[PDB]
There are 2 protein chains.
Amino acid sequence: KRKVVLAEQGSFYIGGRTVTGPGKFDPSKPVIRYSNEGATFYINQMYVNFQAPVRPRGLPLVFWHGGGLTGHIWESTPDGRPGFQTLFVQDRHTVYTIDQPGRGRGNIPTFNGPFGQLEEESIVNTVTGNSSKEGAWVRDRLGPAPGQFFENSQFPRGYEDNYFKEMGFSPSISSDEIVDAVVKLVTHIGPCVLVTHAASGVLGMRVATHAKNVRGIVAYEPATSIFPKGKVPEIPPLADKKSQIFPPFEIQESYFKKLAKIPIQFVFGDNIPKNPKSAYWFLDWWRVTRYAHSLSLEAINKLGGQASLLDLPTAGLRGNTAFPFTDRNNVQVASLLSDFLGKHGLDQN
Amino acid sequence: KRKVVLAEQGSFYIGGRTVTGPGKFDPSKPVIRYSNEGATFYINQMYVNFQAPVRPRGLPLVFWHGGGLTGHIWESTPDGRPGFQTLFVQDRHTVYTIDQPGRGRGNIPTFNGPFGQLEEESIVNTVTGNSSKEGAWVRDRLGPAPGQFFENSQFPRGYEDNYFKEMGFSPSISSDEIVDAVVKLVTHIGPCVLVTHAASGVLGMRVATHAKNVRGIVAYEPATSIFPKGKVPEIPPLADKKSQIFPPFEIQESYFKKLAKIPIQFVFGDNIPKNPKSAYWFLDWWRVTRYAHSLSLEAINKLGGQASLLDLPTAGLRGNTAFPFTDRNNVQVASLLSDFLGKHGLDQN
Ligand SMILES: CCOC(=O)c1ccccc1S(=O)(=O)NC(=O)Nc1nc(Cl)cc(OC)n1
Ligand SMILES: CCOC(=O)c1ccccc1S(=O)(=O)NC(=O)Nc1nc(Cl)cc(OC)n1
């Protein structure tokens with residue numbers, strides 16, 4: 001249903017730091033002008049929204065959007081059906097949704113001058129990068145080429161404009177500062193579960209190594225693998241003989257071992273090939289990336305962990321894209337998330 | 001009272017257009033690359049959130065943040081008290097909150113290359129501008145100089161960092177394209193009331209002249225005045241005898257006359273000086289800007305309109321900043337908005 005009853009809701013800012021321009025502020029001179037004189041700027045802060053049900057049961061959930069996205073992807077699907085925010089408030093969890101630093105209602109650090117530049121210091125790069133509709137189409141596995149859909153597709157076809165409009169650029173904020181803001185949120189909230197997506201996968205793993213309050217991770221289609229420092233296994237190049245997946249993130253073993261203390265599930269949708277696919281770069285990228293993640297989870301398990309890989313087709317769900325939580329069967333995807341939380345008692349007080 | 005019962009909630013993207021890079025897309029090639037080759041980019045779209053109560057009464061309200069802000073300002077106050085979104089859902093109105101193009105979850109049009117540049121075309125300027133903590137302090141009339149409060153201030157003291165963290169830059173998207181997005185939303189919604197703030201004041205007036213569905217406007221501390229073309233009255237410079245207020249927006253009389261067909265209220269807080277204040281630029285700016293608005297409302301009334309100026313101190317509310325709807329007495333401010341809606345029948349079906 002669409003009905004939701006909230007004991008309370010709201011939003012707040014957390015994290016970040018300040019930087020300044022030179023000189024002193026004079027309230028008698030024109031305030032609106034091209035200058036950083038006497039100016040203090042808040043940068044790299046994060047936006048957080050929360051919705052709490054009446055009588056919550058179990059741990060709060062923190063939904064962390066993927067690369068170039070915002071908390072919108074947890075609010076509604078492109079065709080207007082309820083997102084995981086509504087579904088999990090109905091499932092009696094308090095739900096936090098974030099816009100990480102650099103995205104959406106999070107801070108974009110720019111000043112008076114060329115983008116990202118505060119006098120002679122470059123806070124973020126002036127040159128940006130960004131995905132396109134065509135690139136996102138194949139990245140998210142709607143189909144093998146733009147305009148084409150896989151046979152089984154759970155994408156909300158007809159709502160392509162709504163979907164692609166939710167995506168945008170990210171300034172070059174360091175990943176350390178993004179992780180820092182979420183660590184501060186986790187400290188503020190208490191024991192919780194991180195639910196991550198694509199680019200935020202590796203970031204949530206890092207947060208968990210810095211914050212014991214992270215009691216579980218569910219990562220949809222994580223984009224970068226993580227390994228103990230020096231211990232990255234052999235990972236093959238892509239079928240084009242030339243490209244590689246994202247360089248795996250390496251952390252000190254004492255931090256990596258903290259991942260063995262909590263339940264971790266990685267979730268993949270459909271249409272990731274089992275064999276090399278030289279004609280379709282992003283399908284082959286997903287094949288090797290998923291392979292790397294299987295090795296990462298094995299390394300966590302070998303250290304005593306509780307890490308698992310869930311392929312949605314093996315659970316009877318066919319046709320999911322890389323955004324299973326906004327696909328047409330997102331209610332069944334949510335059911336599998338509820339199952340994970342129930343298995344580990346994360347839905348009990 | 002923090003509880004809210006929602007018949008439905010969600011979010012969506014509306015408006016915008018597309019721009020394209022050179023050439024064609026090949027799915028065999030590396031997709032993550034420094035290139036706009038074959039790229040279609042969605043630009044200048046707007047984010048929209050809605051919450052609908054059970055059995056709504058009257059017209060939906062569209063809350064439109066001021067300059068450099070987002071829909072956060074209607075969700076919560078900096079100290080975590082309920083914003084107008086919650087208060088007006090409780091008051092039985094469906095509530096829309098937007099992040100306009102270029103702000104928050106709205107689109108920031110940038111690509112692969114220097115900020116805002118698509119190959120040789122400048123979609124928005126690479127050089128940005130932004131407010132500082134110090135400039136915003138005096139702009140919002142927390143006090144006469146940064147760090148100092150008016151004795152009577154309604155600002156939630158102690159939550160300064162939270163407040164200033166909600167503010168940011170806006171890329172140089174044309175005002176025409178911002179107005180266009182909101183006109184499209186109003187067409188989608190049907191009859192509605194615009195609630196604007198500061199920079200969005202003039203934009204909401206423009207929307208109403210294009211969209212008969214706007215049935216009322218309440219503008220908090222509007223920043224730019226509006227007049228019929230060629231009929232701008234004499235407006236003095238500031239007390240420094242150098243500076244001017246924002247050049248008034250001029251529109252054809254045929255469009256201006258549409259403003260006389262709906263109830264319009266401009267709402268101002270406290271601590272705007274009656275007399276020239278050369279020592280405090282932004283206090284003097286507000287004095288002359290409020291004067292210009294008084295003449296704008298007079299012009300609407302001479303065309304048969306019903307346009308009023310509400311100074312909160314005359315209603316018994318003292319110390320309000322330029323964000324009365326997040327101040328400590330925001331419940332009393334909300335009551336005055338409910339009074340306006342009820343008097344004009346905008347709270348009945
Ligand atoms: C659902 C959001 O997708 C992701 O998080 C994601 C997934 C796989 C690989 C990279 C990313 S990413 O965002 O961290 N990075 C990109 O998607 N970058 C990127 N994507 C495309 Cl399609 C083109 C491009 O060109 C610069 N750059
Ligand atoms: C409450 C949000 O405030 C407004 O909407 C507002 C109000 C009055 C004047 C200008 C703006 S504005 O945003 O459209 N513009 C600015 O506030 N710009 C701005 N403010 C400051 Cl204090 C400094 C500055 O330097 C470029 N530039």
Side-chain angles (χ1 to χ4, degrees), chain A residues 25 27 30-37 39 64-69 73 103 111-113 128-141 146 163-164 166-170 175 196-203 220-224 245-246 281-282 285-286 289 321-323 326, chain B residues 25 27 30-39 41 64-69 73 103 111-113 128-141 146 163-164 166-170 175 196-203 220-224 245-246 281-282 285-286 289 321-323 326:
Chain A
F25 185 84
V31 175
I32 299 160
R33 63 189 179 144
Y34 188 157
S35 173
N36 302 308
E37 181 186 300
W64 191 348
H65 62 79
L69 302 164
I73 71 176
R103 293 260 74 251
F111 316 92
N112 298 284
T128 62
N130 202 356
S131 65
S132 66
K133 176 194 188 166
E134 293 79 2
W137 191 293
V138 295
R139 178 194 70 194
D140 301 339
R141 303 198 314 278
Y163 177 65
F164 294 113
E166 81 200 9
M167 311 181 179
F169 94 113
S170 299
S175 66
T196 60
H197 176 222
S200 74
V202 71
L203 305 177
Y220 291 101
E221 306 252 351
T224 299
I245 66 171
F246 287 169
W281 186 92
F282 225 128
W285 187 97
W286 276 116
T289 289
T321 68
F323 291 50
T326 57
Chain B
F25 185 84
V31 181
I32 310 204
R33 216 161 79 235
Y34 185 63
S35 188
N36 297 310
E37 186 178 357
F41 300 102
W64 190 346
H65 62 79
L69 302 163
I73 73 180
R103 294 260 73 250
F111 318 90
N112 301 281
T128 60
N130 207 352
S131 62
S132 72
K133 181 196 191 175
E134 289 79 2
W137 191 290
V138 294
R139 180 194 70 191
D140 300 339
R141 303 197 313 280
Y163 176 66
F164 290 113
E166 85 202 9
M167 307 175 183
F169 95 115
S170 309
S175 69
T196 62
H197 175 224
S200 66
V202 69
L203 306 172
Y220 290 101
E221 304 249 343
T224 298
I245 65 170
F246 286 171
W281 188 92
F282 225 131
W285 187 97
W286 277 117
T289 290
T321 72
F323 291 51
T326 58

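Whatever order the structure lists ligands and atoms in, that order sets their numbers, starting from 1. Every chain is numbered from 1 and lettered A, B, ... according to where its sequence line falls, protein lines coming before strand lines. The figures that follow rest on heavy atoms only: side chains count, while hydrogens, waters and symmetry mates do not.
The closest approach between a heavy atom of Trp285(A) and any atom of ligand 1 is below 4.0 Å. In this structure, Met167(B) falls outside the shell of residues with a heavy atom less than 4.0 angstrom from ligand 2. By the 4.0 Å heavy-atom criterion, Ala136(B) is counted among the residues contacting ligand 2.
Shown here are the side chain to side chain contact (heavy atoms under 4.5 Å, CB included) partners of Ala136(B), two or more places apart in sequence or in another chain: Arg139(B), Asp140(B), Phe164(B), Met167(B). Residues that satisfy the side chain to side chain contact (heavy atoms under 4.5 Å, CB included) test with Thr196(A), not counting sequence neighbours, are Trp64(A), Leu194(A), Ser200(A), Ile217(A), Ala219(A).
Looking at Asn130(B) against ligand 2, only its backbone comes within 4.0 Å, counting heavy atoms. By the criterion of a heavy-atom distance under 4.0 Å, neither the backbone nor the side chain of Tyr34(A) is placed next to ligand 2.
Distance from atom 20 (N) of ligand 1 to its nearest protein heavy atom, with residue and atom name: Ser131(A) CB, 3.8 Å. At the top of the distance list for atom 5 (O) of ligand 1, counting protein heavy atoms only, stands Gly67(A) N, 2.9 Å. For atom 7 (C) of ligand 1, the nearest non-hydrogen atom of the protein is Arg139(A) CD, 3.8 Å.
For a threshold of 3.5 Å applied to N or O pairs, the pair formed by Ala199(B) and ligand 2 contains at least one separation below that value.
Applying the 4.0 Å criterion to heavy atoms of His197(A) picks out, from ligand 1, the atoms 1 (C).
Put simply, atom 15 (N) of ligand 2 has no protein non-hydrogen atoms near it, under 4.0 Å away.
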